[PDB]
Amino acid sequence: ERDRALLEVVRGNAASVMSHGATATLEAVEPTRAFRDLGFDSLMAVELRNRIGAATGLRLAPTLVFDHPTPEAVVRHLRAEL
Amino acid sequence: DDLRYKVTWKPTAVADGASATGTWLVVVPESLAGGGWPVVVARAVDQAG
Amino acid sequence: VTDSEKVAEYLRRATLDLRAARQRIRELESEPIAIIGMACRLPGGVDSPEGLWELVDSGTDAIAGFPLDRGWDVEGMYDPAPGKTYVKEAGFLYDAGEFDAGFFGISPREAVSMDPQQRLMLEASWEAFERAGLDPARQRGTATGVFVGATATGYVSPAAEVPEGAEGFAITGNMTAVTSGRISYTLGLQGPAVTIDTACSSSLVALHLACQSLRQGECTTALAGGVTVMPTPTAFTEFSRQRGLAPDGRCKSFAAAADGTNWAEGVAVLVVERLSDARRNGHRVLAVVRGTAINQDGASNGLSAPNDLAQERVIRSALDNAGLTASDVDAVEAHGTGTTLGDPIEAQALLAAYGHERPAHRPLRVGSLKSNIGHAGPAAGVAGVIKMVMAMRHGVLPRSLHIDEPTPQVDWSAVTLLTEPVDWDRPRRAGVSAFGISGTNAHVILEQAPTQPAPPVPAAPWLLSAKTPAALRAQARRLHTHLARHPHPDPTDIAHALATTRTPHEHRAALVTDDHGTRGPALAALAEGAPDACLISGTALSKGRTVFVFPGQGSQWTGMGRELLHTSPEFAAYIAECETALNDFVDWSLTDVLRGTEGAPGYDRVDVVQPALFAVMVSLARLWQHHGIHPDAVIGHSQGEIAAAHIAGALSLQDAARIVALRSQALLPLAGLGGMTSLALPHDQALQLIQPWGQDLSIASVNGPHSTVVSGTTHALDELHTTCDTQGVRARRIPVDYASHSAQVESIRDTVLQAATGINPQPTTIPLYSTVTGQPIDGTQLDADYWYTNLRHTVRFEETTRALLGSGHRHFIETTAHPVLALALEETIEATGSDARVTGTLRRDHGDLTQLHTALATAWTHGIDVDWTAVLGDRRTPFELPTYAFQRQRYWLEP
Ligand SMILES: *P(=O)(O)OCC(C)(C)[C@@H](O)C(=O)NCCC(=O)NCCS
């Protein structure tokens, strides 16, 4: 159950960062699509880093969006050191 | 002025549209007979599928 | 040899090299460039170049009121003085805020922060590539240039403390250089990405630079384009202080009623390359840019003023660059701004340059696209060239609007305006001018493209794909509408164009039928999403290794491979090779058995069916490989493993034929002693169910988690069948008179060892998975004892399939004449919760090319790469398919 919750948190944070404001793009973050294929840059990469670290209370590297390009890879990485 | 309104006509882009499906029932006044709009729109739905 | 004949050969070599070098010079300076594609979005509902042509030919005036969704205070900013404007209508792209962010990978955050110039330009470039017969996804890594004529119209307003929403992206999203850079970044192009700032001349200058870059070999292809959008109405307010805009907003080009110039938006792009490269690559040439020229005026009466001398000089330079006399061209797409100051100067320049020695019955026909859509701005010249291109294609010059009378400021008494449309010995040529306000005059000359079969493959699949299902439905509807307006297109050409010249996206669908009466309804049912018989749909997998599966018996039916023998020559050749291999170890020919020749044995006999199954399976697998589906693994089932052992390369054709033939011949005496029965239960349940019968019965094969075949003596088999009927278990007796994978085979054990004698096993080229051991097996280990164990020990198909799925394999292609193990494979796949997709090659009473192409299309829809060149052809006639159906969303910045 932990993996599903972590994937949900990552999807929510990625959708919030990906949107300028305010559902269509929430489902656009599937576990297989690479973050770079979603058009993520250094700025949104560090924003996801800060958001995920605040959610999990864990200091992550500043490139945790292309070292693990899929959201599922990010979930695996989070579950590793947690 | 917090309760003032009016109606306007916003221009919009010509939509791509779609194809006419099945049968469409066109009803016309007989006074017009075969003049302008009826024949032309009948043809338009004809080539629209 | 004499001295004369000796020096003659040296002279011949020297003059041949001289001709080669001179031709090199000619193609290195005066090379004709080919317009292989184009794409424009201009005001008036125009979305394609055909939209532009039907707009301009019909004489439609595409000027309407100001947009209301852009936040402008349109009711307040109109005043027919201090900071207002006296025009309430111009050419606008009301869908300029519409952009498919997801398709290009762009985020909504970046998209709204990004300039609509870039947003329009990306889609225009993608459509321009698609309309050229090129797959943009295949352009990645090529030395393709990008030359965009754009300008910083101002969408984020860097001088005004850029908004909080577009924070961080107001450099990347708004630098004019990034307008050209983003095309190459998204498409992966390698040629230079240069944006040009030249006001009302940037796009034609970009075309010039692209031509020079291609002539020097710096690029293979190039994108020459321009874009203009109006985030704010300042362009109307600043130009309203001076009476430069027309009072009503109509650009009365070269007319006596010329009183101003209304601005307009629009994007317009061309995909171009060298004419020789286009001919070599077999791209369709729309037109030929022969020459180009650019210069300045400098000594103009004011900075923002024209100069007839400079315009004449650039026109003459462009003519000389193309090596064409002035009388060669019979049309000009003049700038035609509509200004009182600009029009007489431009008309005088055109009259002095072009019309001075023309015949007395072929005046130069001058027109302007600005009369229809207004002044496009940066994208003016690259839209005018599109207009002239379609004028040459359709052989008719469209009329230029709002010319009540030719303007009296110039002495026309050589050159005439296009008041009404005019129709058209020598190739058609036409000039285009993009004179700018910064003094940078530009001019290009275009020429009509020079004048440029195979048998139709039956049941050619029609392939469609899109990023999302809604986009796929839109693609289907667009294709249906396009095909409706076409007089009897060739279906194989459409199949080739769809398969090769369009990207394979995620959500895919296919139409496989051999009659031109069902494709239309199938396209419709795809459009509204209803199902159809000849329609296939699926979601392609991003990654996954391919498997070939070779079941044992059961996948037989009379006439299998008969149609393929005539229709498919590759299958015929493979069957012939199998027959030649089999002839020495059997007393009949494979072709007679398959074709049902008189006197040949039927499939009832065990010794003839198994070699026939082996040959058919091997030929089908080799046909799959010939079509480009190279397996990453192979798995078998009893005798099928022998066929797998051939495809893996461990066993030669002769050795596999020997093994299968002698094994079946040694299995002949077992006929009538026992048989098999397939019951749907777990392995443990079947095992404990066979306990009372003991050694009489045994687990023949564990096909799946709820499908097991038990073999044994006929009496015990009937007893177990009665017991299952009492217990209500769906037990089915297979049509076989021989109890393989049972103790009875021990009676023939030594003979089996004779069957495999003399073979020469080799290591596997493709990883082969043994169903006996349950994991990969070395190729050299396939010895006689292994084959005896295969005939004797229980098949463990379920375990090896689970292991193979554990190894990342995701596609299971059954190379049978009819699927027999697809049920068990799908049962295992859903049991283990994997996303693997199973497919088969042929089906019962279905073995023609239509079923083969159906299987291939199903495999492609599941995501397996297929070499459609082999299936369809190397090169068919080009076909103009509709571009991608983008699913756009509004993206605009609010204050
Ligand atoms: P992230 O890597 O996407 O962004 C971080 C960065 C702003 C440091 C990066 O975009 C960057 O500047 N990379 C180097 C670019 C460069 O060296 N020259 C371009 C002209 S300054």
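In this analysis, Cβ positions are derived from the backbone assuming ideal geometry, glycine residues included, and neighbour counts consider all displayed protein chains. Read-outs: derived from the displayed coordinates by stated rules, not from any lab.
Any idea how far apart residue C:19 and residue A:63 come out in nm if each label point goes 7 Å out from Cα toward Cβ?
Inter-label distance under the simple model: 5.7 nm.
Taking every DSSP beta bridge that has both residues in chain C, what percent is antiparallel when rounded to the nearest 5?
65 percent
If r is the Cβ-Cβ distance from residue A:30 to residue C:570 and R0 is 51 Å, what FRET efficiency results, to the nearest 0.05?
E between residue A:30 and residue C:570, to the nearest 0.05, is 0.85.
Whose amide H sits under 5 Å from the amide H of residue C:297, counting only residues 5 or more places off or on another chain, with H placed in the peptide plane?
Here C:441 satisfy the definition.
Under the classification rounded if a/c is under 1.5, otherwise prolate if a/b is larger than b/c and oblate if not, where does the stretch C:793-864 fall, given a ≥ b ≥ c as square roots of the Cα gyration tensor eigenvalues?
oblate
Which entries in the list B:10/C:387; C:370/C:467; B:6/C:84; C:387/C:467; C:467/C:543 go over 25 Å, if you measure between the two C-alpha atoms of each?
Over 25 Å Cα-Cα: B:10/C:387; C:370/C:467; C:387/C:467.
Going highest first, how would you order C:288-294, B:38-44, C:406-412, C:567-573 by mean Cβ packing within 10 Å?
Most protected by this proxy first, the peptides run C:288-294, C:567-573, C:406-412, B:38-44.
Given the -39500 (n - 2.57) contribution per DSSP H run of 4+ residues, what per-residue ellipticity at 222 nm results for the protein assembly as shown, rounded to the nearest 500 deg cm²/dmol?
Only helices count here, giving -11500 deg cm²/dmol.
Put a dot 7 Å past each Cα toward the Cβ at residue B:23 and residue C:185; how far apart are the dots in nm?
5.7 nm
Using alpha carbons only, how many angstrom separate the centre of the stretch C:190-227 from the centre of the stretch C:636-705?
The stretch C:190-227 and the stretch C:636-705 have Cα centres separated by 68 Å.
What FRET efficiency, computed as 1/(1 + (r/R0)^6) with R0 = 30 Å and r the Cβ-Cβ distance, is obtained for residue C:668 and residue C:721, rounded to the nearest 0.05?
0.75
Placing unit charges on C-beta atoms (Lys and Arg positive, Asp and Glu negative, everything else neutral), compute the dipole magnitude of the protein assembly as shown about its Cα centre in debye, rounded to 20.
It comes to approximately 1240 debye.
Measure off 7 Å from each Cα along the Cα-to-Cβ vector at residue C:414 and residue C:309, then give the distance between these two points in nanometres to one decimal.
1.9 nm
Using the Cα gyration tensor of chain A, with a ≥ b ≥ c the square roots of its eigenvalues, what is the shape: rounded (a/c below 1.5), prolate (a/b larger than b/c) or oblate (neither)?
Rounded shape, in that the Cα axes give a/c under 1.5.
In the stretch C:163-185, whose amide N lies under 19 Å from the spot 7 Å out along Cα-to-Cβ of residue C:437? List them in ranges.
C:176
Sketch the reach of a paramagnetic label on residue C:257 as a point 7 Å from Cα along Cα-to-Cβ, and name the residues of the stretch C:365-384 whose backbone nitrogen lies under 14 Å away.
Label zone hits: C:371-372.
Rounded, prolate or oblate: which fits the stretch C:22-448, taking a ≥ b ≥ c as square roots of the Cα gyration tensor eigenvalues, rounded meaning a/c under 1.5, else prolate when a/b beats b/c?
Oblate is the answer for the stretch C:22-448, as a/c is 1.5 or above yet b/c matches or exceeds a/b.
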